[PDB]
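Asker: The following block contains the structure, expressed as structure tokens.
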There are 2 protein chains.
Amino acid sequence: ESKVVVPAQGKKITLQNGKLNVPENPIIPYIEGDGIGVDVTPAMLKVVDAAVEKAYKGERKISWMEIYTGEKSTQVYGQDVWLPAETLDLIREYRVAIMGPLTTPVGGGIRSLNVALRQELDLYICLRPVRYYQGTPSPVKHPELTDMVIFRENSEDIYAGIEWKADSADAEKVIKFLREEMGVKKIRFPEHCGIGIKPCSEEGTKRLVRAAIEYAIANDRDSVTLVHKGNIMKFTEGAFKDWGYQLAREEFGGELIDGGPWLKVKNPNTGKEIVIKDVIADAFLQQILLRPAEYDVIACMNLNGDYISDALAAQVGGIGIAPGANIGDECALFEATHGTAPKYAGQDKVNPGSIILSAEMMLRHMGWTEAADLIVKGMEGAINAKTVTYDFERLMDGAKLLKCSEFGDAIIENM
Amino acid sequence: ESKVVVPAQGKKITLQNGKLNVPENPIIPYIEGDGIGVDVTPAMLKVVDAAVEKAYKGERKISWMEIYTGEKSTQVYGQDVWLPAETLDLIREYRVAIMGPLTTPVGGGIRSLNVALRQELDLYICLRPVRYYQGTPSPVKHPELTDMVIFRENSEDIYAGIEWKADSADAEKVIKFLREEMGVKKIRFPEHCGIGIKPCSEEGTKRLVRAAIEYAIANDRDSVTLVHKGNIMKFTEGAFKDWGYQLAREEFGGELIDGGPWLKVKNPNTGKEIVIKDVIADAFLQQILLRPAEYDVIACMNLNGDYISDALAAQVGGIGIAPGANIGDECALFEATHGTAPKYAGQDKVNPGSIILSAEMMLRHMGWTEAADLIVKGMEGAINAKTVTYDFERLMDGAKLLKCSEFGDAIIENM
Ligand SMILES: Nc1ncnc2c1ncn2[C@@H]1O[C@H](COP(=O)(O)O)[C@@H](O)[C@H]1OP(=O)(O)O
Ligand SMILES: Nc1ncnc2c1ncn2[C@@H]1O[C@H](COP(=O)(O)O)[C@@H](O)[C@H]1OP(=O)(O)O
Ligand SMILES: O=C(O)CCC(=O)C(=O)O
Ligand SMILES: O=C(O)CCC(=O)C(=O)O
Ligand SMILES: [Ca+2]
Ligand SMILES: [Ca+2]
């Protein structure tokens, strides 16, 4: 028995040959989110409606439709309903959706609801753009040199949750198989030993890298860097790097730069040379601090992407305003990237920036670039104005302290 | 037929009940290192001899004994000799050794010689202290707030090199076993798929965490933070966190702080309260930038430790001067932590700081704290004096440019 209400006014977005067809009255499912979701989601709804209204002078309007996942889903659908089947069906059916932060419970053997959503809908691209907003307090000297776009592989890697607990019958069984059937000698302590599996496939790697390159082409970016720990994990991380370079050669006319290993790919629209290169992951966490300007589009595996995105967000003072998308071939789910921060929930206190900027990515994904531009513009103005939420204000002098909802208004005020 | 020459003057260090017995004329094996090893090692030898000579007025002297691993080993012992058996025997026999950077060849199925050395000698602690040297050009505003000591688990994790290449008969076999015998459903693309294994054991985790806590006690440090990605990898990363906390409760009288989950451990020598806490790895890469002062001793798994150490080193401007040790129960191997940088090899140009500070850790490990203190003092003086190698100088105004060997002298000059 669904508790979802389809808006009476409103039409579903359609997908016609890899191309979204967005009506002027699209229905957008949204998940409020747990904890501070109660604060940031309404700020996002208001800010989005304003930008859309201003951009198209009332010709277009989103019909928001609440759907459920997480703690609130249990309150709505009952006890063990953390992720209702219909939520998966609805996101797929309506093609574009957005969500606040989710609470995954502990003690019940439930795995990350965020990851569940990504894997279940096969949203194989985790897209995390990272730029600096002038006026943001940052811990680094030159945050303005950071302008990157992370394509993080979302469907494979150790992140896929294949593992067995130490001393479990399964763990014992897997370890037996490995030592006796596979002749594995390098397990240091085979007893009381947990075991995880890290898969990385040619198809998985290539759909991710294909998207990263298409994005560099579509947006006239300077380069795509394959980031990997291939010198230690040759057949997963190293294979990802090799497949990445290969895809570039096979589908995009990638050709050797000097002695290699870097390649150049010609932008078929602008004729610009896009550099395809690679950096070992540990060095890369150094290079983003020391030479951020040399990096643009990044393509990498699941776990590394997680680390890199977070490291970048912190460096530009954007820990609380980092936008993110999960994109597959059939639908897309945009998200607040921070946690539920239950301590502040309901206080109208936290920064709605992250979910607002994810909504910006959503609008842009929908082809409503004018409205998306107004959000970027509003965000830039409000931050420049030093009219900000506590998390920014406490790090600045002469800022005006705004509530969550008030920061929403300040964004609108600057549109 | 050994090509190693045991020094005529000199005595071997001994181990008596977990306690090193160091004679006044200890023999120390050293591996020159490939590439810039030719530049930094002699700078290290000279700087160490000076500190030892000054500290003990000639009463003590190290008898350096060259041993081999890497490219130079092939030149010495022949074609496929990258890591001679005797090198393992010698390091174990002489208890304390140091090395420059190593070249692991590509194309021959040889795995990291660094990792080989660590695993083969069971040097299960990778010890990476990270502090700021006043005067070092850093990309962050307040590098002086960083004063941490990383205990990185060295013997397990995905870093152990257990994996099979996509399309290999073994890969196919492992994937078959997993899908059909283990009922694994979450491998997205089972074809053309590489597979790695990530082990984490109770014993492996606890010997690492035990060392981290003993170190916090011995050095009156404020806290030990377990860093892990346990919310996604429950049975490896999560188990490491749980075992860590458990070890603290079982062996060190760890007790709940407030509602937990943090614990307090009483320093049995100073009565100081040592906090045992934990942070998810992705957040931790943010927290080291945003709140570096809240962190002290870190305990974490192999791969995470790799990332964290490198990220920290970059933030304090120490990418080229980061010291490191590999420590086991029977011996210890100190190392330059940077690469071989072949482009500058032999130019007497690069920064010998990393290997010099690893030598500082070696001297301290040997109980020769007075000599170790003189190196710290020299390094602080030379850097403060702005008398530095190109890698520092190019980032500063009004520095004096020194060659590698000259920077060695500047350190001595400041002792
Ligand atoms: N949008 C936001 N605006 C301001 N602070 C945030 C935001 N999101 C997260 N935080 C901070 O990060 C944490 C994220 O919550 P959690 O990781 O427990 O789910 C919160 O405790 C809060 O930390 P703080 O106590 O420093 O203000
Ligand atoms: N001790 C050092 N002093 C100065 N620069 C170093 C040092 N170690 C490494 N580097 C730099 O880091 C790289 C490490 O070498 P590799 O990772 O290829 O093995 C070198 O190319 C050099 O980069 P750079 O060209 O910026 O001067
Ligand atoms: O999603 C989770 O629940 C943990 C991993 C994470 O933060 C992410 O994947 O972005
Ligand atoms: O050791 C290697 O060869 C690569 C990994 C690394 O740099 C390290 O483990 O410190
Ligand atoms: Ca994250
Ligand atoms: Ca490293």
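Each value in this text was obtained by applying a stated rule to the coordinates, not by laboratory testing. All Cβ positions, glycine included, derive from the backbone under ideal geometry; neighbour counts span all protein chains shown.
Asker: Could you check the range A:3-57 and list, in sequence order, the residues that are of a type in the set (A, V, I, L, M) and surrounded by fewer than 14 Cβ atoms within 10 Å (Cβ to Cβ)?
Answerer: In the first step, residues of the range A:3-57 are kept if they are of a type in the set (A, V, I, L, M); the result is A:4-6, A:8, A:13, A:15, A:20, A:22, A:27-28, A:31, A:36, A:38, A:40, A:43-45, A:47-48, A:50-52, A:55.
Once the filter is applied, which keeps residues that are of a type in the set (A, V, I, L, M) and surrounded by fewer than 14 Cβ atoms within 10 Å (Cβ to Cβ), the range A:3-57 yields A:5, A:6, A:8, A:15.
Asker: Could you check how many residues of the range B:48-81 are aliphatic (A, V, I, L, M) and assigned to a loop (DSSP other than H, G, I, E, B)?
Answerer: From the range B:48-81, those aliphatic (A, V, I, L, M) are B:48, B:50-52, B:55, B:62, B:65, B:67, B:76, B:81; that's our starting set.
The next check asks that each one be assigned to a loop (DSSP other than H, G, I, E, B); those that pass are B:62, B:81.
Matching residues across the range B:48-81 total 2.
Asker: While we're here: Go through (1) crowded, with 20+ Cβ neighbours inside 10 Å; (2) more than 15 Å from ligand 5 (Cβ to nearest atom); (3) touching a residue at least 40 places away in the same chain (Cβ under 8 Å); (4) away from chain B (no Cβ under 14 Å) and name the single condition residue A:317 misses.
Answerer: Checking residue A:317 against (1) crowded, with 20+ Cβ neighbours inside 10 Å; (2) more than 15 Å from ligand 5 (Cβ to nearest atom); (3) touching a residue at least 40 places away in the same chain (Cβ under 8 Å); (4) away from chain B (no Cβ under 14 Å), the one that fails is (4).
Asker: Mind checking whether some residue in the range A:385-404 is within 18 Å of residue A:48 (Cα to Cα), in contact (Cβ under 8 Å) with a residue 12 or more places away in the chain and part of a helix (DSSP H, G or I)?
Answerer: Scanning the range A:385-404, I find at least one residue that is within 18 Å of residue A:48 (Cα to Cα), in contact (Cβ under 8 Å) with a residue 12 or more places away in the chain and part of a helix (DSSP H, G or I), so the answer is yes.
Asker: Do you know which residues across the range B:320-341 are outside any loop (DSSP other than H, G, I, E, B) and either within 13 Å of chain A (Cβ to nearest Cβ) or within 15 Å of ligand 4 (Cβ to nearest atom) (or both)?
Answerer: Hits for the range B:320-341 are B:323, B:324, B:325, B:326, B:327, B:333, B:334, B:335, B:336.
Asker: Out of all the residues in the range B:304-337, which are farther than 19 Å from residue B:101 by Cβ, of a type in the set (S, T, N, Q) and touching a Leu at 6+ places or on another chain (Cβ under 9 Å)?
Answerer: B:315
Asker: Give the residue that is farthest from the other protein chains (Cβ to nearest Cβ), with candidates limited to residues of the range A:142-175 that are of a type in the set (D, E, K, R), closer than 23 Å to residue B:237 by Cβ and part of a helix (DSSP H, G or I). Break it down stepwise before answering.
Answerer: Within the range A:142-175, the first condition is being of a type in the set (D, E, K, R), and the residues that meet it are A:144, A:147, A:152-153, A:156-157, A:163, A:165, A:167, A:170, A:172-173.
Checking which are closer than 23 Å to residue B:237 by Cβ leaves us with A:152-153, A:156-157, A:163, A:165, A:167, A:170, A:172-173.
Adding the requirement that they be part of a helix (DSSP H, G or I) leaves A:170, A:172-173.
Working: A:170: 7, A:172: 12, A:173: 7 Å.
Here the residue is A:172.
Asker: Specify which of the listed residues (A:330, A:393) is in contact with a strand residue (DSSP E or B) (Cβ under 6 Å, 6 or more places away or on another chain), more than 18 Å from residue A:412 (Cα to Cα) and not hydrophobic (A, V, I, L, M, F, W, C). Show your work before the answer.
Answerer: Working: A:330 fails: in contact with a strand residue (DSSP E or B) (Cβ under 6 Å, 6 or more places away or on another chain).
The unique qualifying residue is A:393.
To keep it simple, each residue is scored yes or no on (1) among the hydrophobic types (A, V, I, L, M, F, W, C); (2) within 11 Å of chain A (Cβ to nearest Cβ); (3) in a strand (DSSP E or B).
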position: B:191; (1), (2), (3): no, yes, no
position: B:200; (1), (2), (3): yes, yes, yes
position: B:203; (1), (2), (3): no, yes, no
position: B:226; (1), (2), (3): yes, no, yes
position: B:230; (1), (2), (3): no, yes, no
position: B:244; (1), (2), (3): no, no, no
position: B:271; (1), (2), (3): no, no, no
position: B:289; (1), (2), (3): yes, yes, no
position: B:299; (1), (2), (3): yes, no, yes
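Asker: Return yes when residue B:183 is of a type in the set (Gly, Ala, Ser), assigned to a loop (DSSP other than H, G, I, E, B) and over 21 Å from the mean Cα position of the chain (by Cα) and no when it is not.
Answerer: Numbers: of a type in the set (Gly, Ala, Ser): yes; assigned to a loop (DSSP other than H, G, I, E, B): yes; over 21 Å from the mean Cα position of the chain (by Cα): yes.
Answer is yes for this residue.
Asker: Output the residues belonging to the range B:342-379 that are outside any helix (DSSP H, G or I) and within 16 Å of ligand 4 (Cβ to nearest atom). Give the steps one after another, and end with the answer.
Answerer: Step one: list which residues in the range B:342-379 are outside any helix (DSSP H, G or I), which gives B:345-352, B:366-368.
Answer for the range B:342-379, where residues must be outside any helix (DSSP H, G or I) and within 16 Å of ligand 4 (Cβ to nearest atom): there is none.
Asker: So which residues in the range B:120-141 are of a type in the set (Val, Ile, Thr), over 18 Å from the mean Cα position of the chain (by Cα) and more than 8 Å from chain A (Cβ to nearest Cβ), if there are any at all? Lay out the reasoning, then the answer.
Answerer: Kept after step one, since they are of a type in the set (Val, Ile, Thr), are these residues of the range B:120-141: B:125, B:130, B:136, B:140.
Imposing the further condition that a residue be over 18 Å from the mean Cα position of the chain (by Cα) reduces the set to B:136, B:140.
B:136 - this is the single residue of the range B:120-141 that is of a type in the set (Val, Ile, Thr), over 18 Å from the mean Cα position of the chain (by Cα) and more than 8 Å from chain A (Cβ to nearest Cβ).
Asker: Another one. In the range A:246-264, which residues are in contact with a strand residue (DSSP E or B) (Cβ under 8 Å, 6 or more places away or on another chain) and either assigned to a helix (DSSP H, G or I) or touching a residue at least 24 places away in the same chain (Cβ under 8 Å) (or both)?
Answerer: Within the range A:246-264, the subset in contact with a strand residue (DSSP E or B) (Cβ under 8 Å, 6 or more places away or on another chain) is A:248-249, A:252-257, A:261-264.
Passing the criteria: A:248, A:249, A:252.
Asker: Moving on to the next point. For the range A:69-122, how many residues are over 23 Å from residue B:229 (Cβ atoms) and among the small types (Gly, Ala, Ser)?
Answerer: Adding up the residues that qualify gives 4.
Here is a yes/no grid of residues against (1) away from ligand 6 (no atom under 16 Å from the Cβ); (2) closer than 23 Å to residue A:1 by Cβ; (3) among the small types (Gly, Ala, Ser); (4) within 14 Å of chain B (Cβ to nearest Cβ):
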| position | (1), (2), (3), (4) |
| --- | --- |
| A:71 | yes, yes, no, no |
| A:74 | yes, yes, no, no |
| A:77 | yes, yes, no, no |
| A:83 | yes, yes, no, no |
| A:87 | yes, yes, no, no |
| A:94 | yes, yes, no, no |
| A:100 | yes, no, yes, no |
| A:114 | yes, no, no, yes |
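Asker: Quickly run through the range A:124-141 and pick out the residues that are touching a residue at least 40 places away in the same chain (Cβ under 8 Å) and part of a loop (DSSP other than H, G, I, E, B).
Answerer: Residues of the range A:124-141 touching a residue at least 40 places away in the same chain (Cβ under 8 Å): A:124-140.
Listed by number, the residues that qualify are A:124, A:132, A:133, A:134, A:135, A:136, A:137, A:138, A:139.
Asker: Kindly provide the set of residues from the range B:282-313 that are hydroxyl-bearing (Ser, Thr, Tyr) and within 15 Å of ligand 6 (Cβ to nearest atom), ordered by number. So that I can check it myself, show each step before the final result.
Answerer: Of the range B:282-313, the ones hydroxyl-bearing (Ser, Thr, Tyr) are B:295, B:307, B:309.
Hits for the range B:282-313 are B:307, B:309.
Quick grid of which residues meet (1) within 16 Å of ligand 4 (Cβ to nearest atom); (2) under 21 Å from the mean Cα position of the chain (by Cα); (3) surrounded by fewer than 17 Cβ atoms within 10 Å (Cβ to Cβ):
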residue: B:205; (1), (2), (3): no, yes, no
residue: B:210; (1), (2), (3): no, yes, no
residue: B:213; (1), (2), (3): no, yes, no
residue: B:247; (1), (2), (3): no, no, no
residue: B:305; (1), (2), (3): yes, yes, no
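Asker: Among residues belonging to the range B:329-382 that are without any contact (Cβ under 8 Å) to a residue 40 or more places away in the chain and β-branched (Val, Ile, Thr), point out the one that is surrounded by the fewest Cβ atoms within 10 Å (Cβ to Cβ).
Answerer: This residue is B:369.
Asker: Go through (1) away from ligand 2 (no atom under 16 Å from the Cβ); (2) within 14 Å of chain B (Cβ to nearest Cβ) one by one and return the number of the condition residue A:280 breaks.
Answerer: Of (1) away from ligand 2 (no atom under 16 Å from the Cβ); (2) within 14 Å of chain B (Cβ to nearest Cβ), only one is false for residue A:280: (1).
Asker: Name, by its number, the condition in (1) surrounded by fewer than 16 Cβ atoms within 10 Å (Cβ to Cβ); (2) in contact with a helix residue (DSSP H, G or I) (Cβ under 7 Å, 6 or more places away or on another chain) that does not hold for residue A:263.
Answerer: (1)
Asker: Being among the polar types (S, T, N, Q) and within 24 Å of residue B:100 (Cβ to Cβ) is the filter here, so list the residues in the range B:10-33 that pass it.
Answerer: If the condition is that a residue be among the polar types (S, T, N, Q) and within 24 Å of residue B:100 (Cβ to Cβ), then B:25 is the only one that fits.
Asker: Looking only at residues in the range A:1-39 that are outside any loop (DSSP other than H, G, I, E, B) and in contact with a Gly (Cβ under 6 Å, 6 or more places away or on another chain), which one is nearest to residue A:367 (Cα to Cα)?
Answerer: Step one: list which residues in the range A:1-39 are outside any loop (DSSP other than H, G, I, E, B), which gives A:11, A:14-15, A:20-21, A:26-31, A:37-39.
Pick out the ones that are also in contact with a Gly (Cβ under 6 Å, 6 or more places away or on another chain) and you get A:27, A:37-38.
Values: A:27: 15, A:37: 26, A:38: 28 Å.
That would be A:27.
Asker: Residues of the range A:367-380 being over 16 Å from residue A:324 (Cβ atoms) and not polar (S, T, N, Q), which ones?
Answerer: Residues of the range A:367-380 that are over 16 Å from residue A:324 (Cβ atoms), as a first pass: A:367-371, A:373-374, A:377-378, A:380.
Across the range A:367-380, the qualifying residues are A:367, A:368, A:370, A:371, A:373, A:374, A:377, A:378, A:380.
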